[PDB]
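Shown next as structure tokens: one chain only, the form deposited in one PDB entry.
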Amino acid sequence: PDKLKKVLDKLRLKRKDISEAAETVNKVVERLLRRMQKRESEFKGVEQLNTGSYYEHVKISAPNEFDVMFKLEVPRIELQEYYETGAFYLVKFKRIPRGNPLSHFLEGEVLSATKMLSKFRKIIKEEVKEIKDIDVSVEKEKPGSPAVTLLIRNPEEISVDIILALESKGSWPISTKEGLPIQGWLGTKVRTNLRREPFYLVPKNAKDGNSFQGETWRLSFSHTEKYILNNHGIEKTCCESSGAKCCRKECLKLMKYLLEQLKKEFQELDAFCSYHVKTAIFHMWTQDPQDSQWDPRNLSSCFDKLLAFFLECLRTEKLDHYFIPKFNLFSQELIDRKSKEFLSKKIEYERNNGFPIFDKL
């Protein structure tokens, strides 16, 4: 049936909740940024990434919250690959002048992710709670998150995550060599621009290896994904004013929503997050490049194709990173087989049954 088309529209109805929430979050981040700049700290060269506009990105995917990245460039750097992650690395320097104060954050000859993030979080908590102009608080530092999560409850509880992000203009680490496989979908010209762009390192402590290493940083391809999320067609004009519409974002928002609503009532599903669905659909679009395969008069069949890919992913325990092939996101190290089978049941049960979890008048 076309029940899905009506689910989209009940979701699409974010009037005065996504556009009026932007203006304020635009402000808080634009004010916090400018007060973080020119204020005597190592982060004076901090700048907002064009990480997906409020109303372009983070609108049809995870509405309850926002995220922004605060990038900061660094000079000549050495990446040491953390064991066999492909994603986790240790960041060192090349010379270390005193015309570069990021050094105040090295524990050893490695830039520490924790000394930087704690001082970053410090300066935010201290400059954010220094004005009584809007009701904006800082949530508890949750062990594991690389973020400073802004809690605001002016109309309702909103969450803005600030991810400090090292920017590197050098060559993309070699673990991403045969990743980003868009050559039969986005073309080789497009893939080549994308890789000339910088890459980013977020302070995500690797919970494995020696112990919870906080000095470890994780790669983050956020700028690139929004590119793929916005330029998703094999035809340049896809879902543009003078071109044809597809259901790629449709399927993704439904998958996002479906997984969102199950996670809400099954803490057994805490090990799955939206990035699993995102990387899932990236492999889907790499499989079916032609925008004919994503026609809005086959939303049902397109959505079902995705459901089946994700179930085969949860069964074969295989979820290789879109950019880092060697890093399997559904490793048994990362996710117990209990939660995969548990997820498979709920996704099966909803799918066999016209998705009763979507039933809201």
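The term rigid core refers to the maximal set of C-alpha atoms that superpose within 1.5 Å between the two forms. In case it trips you up, residue 1 is the first one in the sequence shown, and so on.
Judged by mean Cα B factor in the deposited record, 22-30 ranks above the other of 22-30 and 323-331. Between the stretches 118-126 and 224-232, it is 118-126 that shows the larger average CA temperature factor.
Set against one another, the Cα B-factors of 310, 55, 294, 70 in the record reach their highest point at 55. You'll see in the entry that, of 306, 314, 49, 62, the Cα B factor peaks at 62. Among the modelled residues of the chain, residue 7 sits in the lowest third by CA temperature factor in this PDB entry. Among the modelled residues of its chain, residue 83 has a C-alpha B-factor that falls in the highest third according to the deposited record.
In this PDB entry, residue 177 carries a Cα temperature factor that places it within the middle third of its chain's modelled residues. Among the modelled residues of its chain, residue 345 has a C-alpha B-factor that falls in the lowest third according to the deposited record. For residue 208, the recorded CA temperature factor ranks within the highest third of the chain's modelled residues.
Separately, the form deposited in another entry exists; it is not shown, and the next lines address it.
Core-based superposition between this form and the one not shown shows that, of 181, 209, 187, 170, only 209 has its Cα displaced by 2 Å or more.
Once both forms are fitted on their rigid core, the CA atom of residue 338 lies less than 2 Å apart between this form and the one not shown.
For residue 305, a C-alpha deviation below 2 angstroms is recorded between this form and the one not shown after rigid-core alignment.
After superposition on the rigid core, displacement of the C-alpha of residue 49 between this form and the one not shown stays below 2 Å.
One change in the other entry concerns residue 320 and residue 209, whose Cα atoms lie at least 3 Å farther apart than in this form.
If you compare C-alpha positions, residue 74 and residue 212 are 3 angstroms or more closer together in the other entry than in the form on display.
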